[PDB]
């Protein structure tokens, strides 16, 4: 299959300023009859993709003048002359020169803002949950920017792997931050084998990693 690679994975933008994103194919998208079937779409959360540019550089009917595509062969670029709020979302490229038709992985446009360190909170499992035989330990990272953030679980100072899951919110409409939840899931029996539970957080806004912790049973 033809591999479509988009970069960056996410692009911080500012209203009224230009933007540029790239799409590269593992081989030329020139079709045997001359046309290059490379297209660009915009998708907003919960919504279907909308065609912006078809065949490299043609603006689809209804698309603002500030959008424009270019490139050839294996390298393609979508440009926005002046980013508007309505342009925020995930941009995709696709090709249907070669079978199977394939999509790039997407490039998100997010609002740029000043660095904001997360507020960090750790929550032990409730006694209610424990009676049922499972222990969920939750670490919250509240209202931070940029998105990049590392959360590490330590149980009696032993780094954990392979037993946690993370979820993140969409960028906030008011303050342009992200929030993140990390859940460490253990059986009651495993939970009771250890005393100290900690989440260690690393972020651009923190001059040193922040650790929040508790000892099993206290409080």
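Positions refer to the first chain, counted from 1.
The question of which stretch, 81-89 or 124-132, has the higher mean Cα B factor is settled in favour of 81-89. Set 64-72 against 148-156 and average the Cα temperature factors; 64-72 ends up higher. Based on the entry's C-alpha B-factors, the most elevated value among 163, 187, 28, 176 belongs to 28. Residue 41: CA B factor lies in the middle third for its chain, per the PDB record. In this PDB entry, the Cα temperature factor of residue 114 sits in the top third of its chain's modelled residues, the highest group.
In the deposited entry, the Cα temperature factor of residue 54 places it in the middle third of its chain's modelled residues. In the PDB entry, a CA B factor belonging to the middle third of its chain's modelled residues is recorded for residue 47. In the deposited entry, the Cα temperature factor of residue 210 places it in the middle third of its chain's modelled residues.
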